[PDB]
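If you count by the authors' numbering, then the first sequence holds residues 4 to 227, one letter each, in order. By construction, the Cβ of each residue, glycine as well, lies at the ideal position given by its N, Cα and C atoms.
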Amino acid sequence: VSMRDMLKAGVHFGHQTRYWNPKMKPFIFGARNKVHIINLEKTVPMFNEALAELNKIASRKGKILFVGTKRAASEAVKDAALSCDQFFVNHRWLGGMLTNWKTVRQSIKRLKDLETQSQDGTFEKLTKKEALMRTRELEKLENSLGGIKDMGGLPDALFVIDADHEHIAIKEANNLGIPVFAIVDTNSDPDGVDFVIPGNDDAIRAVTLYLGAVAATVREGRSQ
RNA sequence: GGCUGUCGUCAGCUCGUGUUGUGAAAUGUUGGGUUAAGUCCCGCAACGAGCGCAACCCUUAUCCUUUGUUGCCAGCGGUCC
Ligand SMILES: [Mg+2]
Ligand SMILES: [Mg+2]
Ligand SMILES: [Mg+2]
Ligand SMILES: [Mg+2]
Ligand SMILES: [Mg+2]
Ligand SMILES: [Mg+2]
Ligand SMILES: [Mg+2]
Numbered sequence: 004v005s006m007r008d009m010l011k012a013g014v015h016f017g018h019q020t021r022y023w024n025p026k027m028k029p030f031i032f033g034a035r036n037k038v039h040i041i042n043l044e045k046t047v048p049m050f051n052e053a054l055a056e057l058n059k060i061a062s063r064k065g066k067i068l069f070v071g072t073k074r075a076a077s078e079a080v081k082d083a084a085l086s087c088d089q090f091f092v093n094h095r096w097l098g099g100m101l102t103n104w105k106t107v108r109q110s111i112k113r114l115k116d117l118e119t120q121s122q123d124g125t126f127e128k129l130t131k132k133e134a135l136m137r138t139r140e141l142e143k144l145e146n147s148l149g150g151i152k153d154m155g156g157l158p159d160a161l162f163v164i165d166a167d168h169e170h171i172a173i174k175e176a177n178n179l180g181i182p183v184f185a186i187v188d189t190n191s192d193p194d195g196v197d198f199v200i201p202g203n204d205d206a207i208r209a210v211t212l213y214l215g216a217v218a219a220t221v222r223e224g225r226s227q
């Protein structure tokens, strides 16, 4: 990753001056047109060492999950995870899915049974009414937790989009002592994240840049 | 003990795990619509489940098939009708 490629995607952009969190005053260079400018000369070493640690953990054989739930950012997250042989969540984060795994992991078995009944020819016999409920059940259990169906246990790292919009997952992971790599704007709380990567996180270009970089480094680490 | 009346055939009453609070407790069960209904859809630090609601039970209203006595008489023969 290079500084010019970062500035080309709008990473320099931040948020307004009246919405800034003073916990990351150090990661701000200046302000123009009543908008903060992120000191990206801090961003480059952070991003590089974060990628190094991510691919090291990939070589350490630790499954990972990609967390992004924005309405205009789901496809990038799901594709970056899918073409990485890893896991993803792109809808509402079902609260407690980590700390309360014992009661959500059977929703996985329910989804699997429903999908076998779907693509096995079972949805023909019954009296043409409950198939509607079954189809909606497939739809909802696919949208909610259909991206971790083959998770098979707790993860070993988490990648987070919009630390503000995704703080419940951050607390859930912090409970379990699992490292978190998150993207933070200038209105974010960097307390729960041990590997902090500053940068704009409302533009599609920067988000897909980060996702491509992390997918590439994870494939590198698996190539070991 | 067993059995019964009533609020009231009113739509309510709880639990496991998770989270919040020093704590009694809270969330779930709140919010927008909608229904006879905690009935259903959407959103949601909650995810699921149980007793209730509804369905399964009896009878009535339409048609179909089988059997015709002690029940019936449309088409034929006789009549004490
Ligand atoms: Mg406590
Ligand atoms: Mg109640
Ligand atoms: Mg309550
Ligand atoms: Mg409430
Ligand atoms: Mg309501
Ligand atoms: Mg109910
Ligand atoms: Mg009933």
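So the candidates are the options; which of them puts its Cα closest to the Cα of residue i?
| i | options | result |
| --- | --- | --- |
| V38 | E56, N203, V210 | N203 |
| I164 | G13, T72, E44 | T72 |
| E169 | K81, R35, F69 | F69 |
| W96 | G215, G224, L144, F184 | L144 |
| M27 | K132, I40, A219 | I40 |
| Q109 | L148, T119, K11, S121 | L148 |
| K105 | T130, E118, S121, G155 | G155 |
| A176 | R21, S86, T102, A53 | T102 |
| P48 | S5, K115, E142, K132 | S5 |
| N42 | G224, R21, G13, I60 | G13 |
| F184 | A53, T20, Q19, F30 | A53 |
| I151 | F126, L114, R139, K128 | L114 |
| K11 | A209, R222, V217 | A209 |
| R21 | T189, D194, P201, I200 | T189 |
Classify residue i: buried if its beta carbon has 16 or more other beta carbons within 10 angstroms, exposed otherwise.
| i | result |
| --- | --- |
| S62 | exposed |
| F32 | exposed |
| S226 | exposed |
| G98 | exposed |
| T46 | buried |
| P25 | exposed |
| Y213 | buried |
| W23 | buried |
| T220 | buried |
| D153 | exposed |
| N58 | buried |
| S86 | exposed |
| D8 | exposed |
| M100 | buried |
Since residue i contacts residue j with CB under 8 Å, what's their CB separation in whole angstroms?
| i | j | result |
| --- | --- | --- |
| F90 | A83 | The Cβ separation is near 12 Å, so there is no contact. |
| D159 | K66 | 6 Å |
| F16 | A206 | 7 Å |
| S77 | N93 | 4 Å |
| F126 | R137 | 7 Å |
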